[PDB]
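Asker: Supplied in structure tokens, the structure appears directly below.
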Amino acid sequence: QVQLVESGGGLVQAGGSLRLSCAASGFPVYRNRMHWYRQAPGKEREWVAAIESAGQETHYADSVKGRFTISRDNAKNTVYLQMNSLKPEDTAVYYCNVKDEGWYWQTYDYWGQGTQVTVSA
Amino acid sequence: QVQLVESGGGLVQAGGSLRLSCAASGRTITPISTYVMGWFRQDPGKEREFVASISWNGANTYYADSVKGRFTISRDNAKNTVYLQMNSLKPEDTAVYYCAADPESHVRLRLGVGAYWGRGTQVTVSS
Amino acid sequence: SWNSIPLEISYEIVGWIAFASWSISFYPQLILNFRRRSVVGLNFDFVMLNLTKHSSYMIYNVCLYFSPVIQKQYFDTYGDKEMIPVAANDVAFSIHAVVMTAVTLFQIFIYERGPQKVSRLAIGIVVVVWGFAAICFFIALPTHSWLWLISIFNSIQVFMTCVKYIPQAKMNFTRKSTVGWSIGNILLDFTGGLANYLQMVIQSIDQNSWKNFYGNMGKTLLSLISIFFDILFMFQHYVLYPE
């Protein structure tokens, strides 16, 4: 059915930058509202960023507003998370996300395997 | 809101046939004829024991195990009156008989949780 | 007014069995928002339309159950020897549903984490609904036609039940799949719908009258719209879009 493949993450030193990617399969990225989420060890999943369905309108968590940026390459069917000014706080498995929003009754969340981003001071 | 007056009898003998009555009065949003009525006996010391009850349609009559197949209950939807025809009495039936009525619940009435109750009229069955 | 004790107890049993089935569904989503401290996946438009559906049904149930002035207008209307068609469990349901909808609405505000505001077109519907109900209030007021006003609230609750089901069934038809299906939540909604109808059927067969189905037309349609859509959802899940 629909598949999500994140890549781009790894070990980086405090203050650095990363360009996280997400390869969509089964759906067009320009048709759906794409999300990015992160999960630190033990702590619960945290929504990080979002890009509108048929436009360039974006939304970010206050923890990353100003440092992180979400964009999508239509000609590649991929969503990006350009994450600048990284801090050891930002260490987490980053998941790109898409959903089947559902009016009443439970919305279905689609996840990738995640990419570990580790930031060291 | 609703007054219940038991126009019953007094002293009868073991194996006798007595007959209690109960007029219902008062101004209410419900017709009083649709009001579910019944009887309860007190007895020196012991708490309010159920005796009988009649549905507003007068079809369903409930009787306690102790009186079942001895007492009969009848209604008069026009005079708003219940009747307890206590036939083939026993010395253990001697108690104050209270009239009871509930505007809505038959179950509440049956469980001694009725809204309205009468003065009570002593029935003495002597051996 | 209750003639048969077994029918009355089976009415009371089926009553709280309908209440539990529809009230417990509110908790899984409430708890999920709490654990997350976010409402990202939530349809905000639906939570604001369900508040109107719940408060309108709550207005009708609380007023008919507790007001003797309104009850006397019900007898003046459907008949003197008529049983009031509002139950303790309907009052409990409406209040519990209003409380739970207000809590999820509070969760949307305090937890935020829902950039997807959604809020539009559905806001106009709340304005139109509450506006039309305000006009209705001023019409009802000089004559104190609280039964006609309460009756409008129950009719707008009916419209609002259609608003709950229709967009979600429409989504499944265009989508050509049943996404978010849960045989469990559908069965709880189904039980509450059958039990809310079995309650009226018991009140109707105890008395020799069907006027309670006309007096509380809003509860009758609340059960039938729930049952129809559960059959339709089960129909498009197994025999239409299964895979």
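Count begins at 1; order follows the chain as displayed.
According to its header, this structure was worked out by X-ray crystallography, 2.7 Å.
Cβ coordinates are placed from backbone N, Cα and C, and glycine is handled just like the others.
Below, the features straight out of Swiss-Prot:
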{"type": "DOMAIN", "residues": "C:7-73", "note": "domain 'PQ-loop 1'"}
{"type": "DOMAIN", "residues": "C:149-211", "note": "domain 'PQ-loop 2'"}
{"type": "CARBOHYD", "residues": "C:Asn50", "note": "N-linked glycosylation site"}
{"type": "CARBOHYD", "residues": "C:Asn172", "note": "N-linked glycosylation site"}
{"type": "TRANSMEM", "residues": "C:12-32", "note": "transmembrane segment"}
{"type": "TRANSMEM", "residues": "C:91-111", "note": "transmembrane segment"}
{"type": "TRANSMEM", "residues": "C:121-141", "note": "transmembrane segment"}
{"type": "TRANSMEM", "residues": "C:146-166", "note": "transmembrane segment"}
{"type": "TRANSMEM", "residues": "C:178-198", "note": "transmembrane segment"}
{"type": "TRANSMEM", "residues": "C:221-241", "note": "transmembrane segment"}
Asker: Given pairs 6 or more apart, does the transmembrane segment (C:221-241) have at least three Cβ pairs under 8 Å with the transmembrane segment (C:146-166)?
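Answerer: In contact, yes.
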Asker: Six or more residues out from either end of the transmembrane segment (C:146-166), which same-chain residues have a Cβ under 8 Å from its Cβ atoms?
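Answerer: Contacts of the transmembrane segment (C:146-166) (Cβ under 8 Å, skipping residues fewer than 6 from its ends): 46, 49-50, 52-53, 56-57, 59-60, 63-64, 67, 69-70, 73-74, 77, 125, 129, 132-133, 136-137, 140, 216-219, 221-222, 225-226, 229.
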Asker: State the Cα to Cα distance, in Å, between C:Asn172 (N-linked glycosylation site) and C:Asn50 (N-linked glycosylation site), rounded to an integer.
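Answerer: So the alpha carbons of C:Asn172 (N-linked glycosylation site) and C:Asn50 (N-linked glycosylation site) sit roughly 20 Å from each other.
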Asker: So, by DSSP, how many helix, strand and coil residues make up the domain 'PQ-loop 2' (C:149-211)?
Answerer: 49 helix, 0 strand, 14 coil
Asker: With DSSP as the yardstick, break the domain 'PQ-loop 1' (C:7-73) down into helix, strand and coil residue counts.
Answerer: 57 helix, 0 strand, 10 coil
Asker: Just counting, how many other CB atoms are there within 10 A of the CB of C:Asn172 (N-linked glycosylation site)?
Answerer: 22
Asker: Return the residues near C:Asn50 (N-linked glycosylation site), defined as same-chain residues 6+ apart in sequence whose C-beta is under 8 angstroms from its C-beta, sorted by sequence, else 'none'.
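Answerer: In sequence order, C:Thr101, C:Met160, C:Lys164 meet the Cβ cut-off.
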